[PDB]
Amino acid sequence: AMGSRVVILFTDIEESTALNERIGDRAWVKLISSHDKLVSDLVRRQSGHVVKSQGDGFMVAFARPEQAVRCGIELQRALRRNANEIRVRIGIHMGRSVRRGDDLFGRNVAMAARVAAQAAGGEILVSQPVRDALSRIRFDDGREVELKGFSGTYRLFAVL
C-alpha cells in the first residue's frame, strides 16, 4: 500500500486576522510565538511532531490516535487557563499518507484539514476512523457533514 499510517492533527486560531489587526504586529508576533511554543511543547509531550506551520495554523503528526486526542485536550485546557482571547479549532484524522520532504501528501492530509475546518473555536473534531479506533476518551454521537473536495457524507465526532 502507498504511504504510511499517520494520525494528522490540524489546528488554527479562530478569526486570527481580525485579532492581528486589533492588537497590531508587535503584539501579534509575541502572541503567535508564545502559541507556537505552547503547541510545540504539548505535541512533544505526546511524542508527536509539528510537520508544518504557517501563520495561525499547524499540521501535526502522531503515531497513535490517542496521542493526538490527548494533545488536543491539553491544548484546549491550556488555552482556557491562559484566557483567565485565543480560541483554536482542532481536527484529527488518520490514514495512509505519503511523506515527501518534511511534508505529508495525499487525500488523507486534505481530509484532516477539512475535519479541522469544520470544528468551532474551542472544539476538537475527529473523523469516524479515529472515533472507531478509540471506541474502547469520550465522544458525542457525531454530526453528518460534507467536506470540500470530497464526495459523500462524513460523520465527525466532538471530543468530550
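Quick note: we count residues from 1 along the sequence shown, nothing fancier.
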property: Flanks modelled, residue 78 absent in at least a third of other entries; result: no
property: Test item: residue 97 lacks coordinates in at least a third of other entries; result: no
property: Interresidue gap class [residue 136, residue 137; deposited sequence, unmodelled]; result: 1 to 3
property: Entry-level comparison of average CA B-factors, 64 to 72 and 31 to 39, reporting the higher stretch; result: 64 to 72
property: Segment of higher mean CA temperature factor, 96 to 104 or 114 to 122; result: 96 to 104
property: Options 141, 25, 15, 12 - largest CA temperature factor per the record; result: 141
property: Chain thirds of CA B-factor: placement of residue 91; result: lowest
property: Assigned third (lowest, middle, highest) for the C-alpha B factor of residue 2; result: highest
property: Residue 8, C-alpha B-factor rank within chain (lowest, middle or highest third); result: lowest
property: CA B-factor ranking of residue 48, expressed as a third of its chain; result: middle
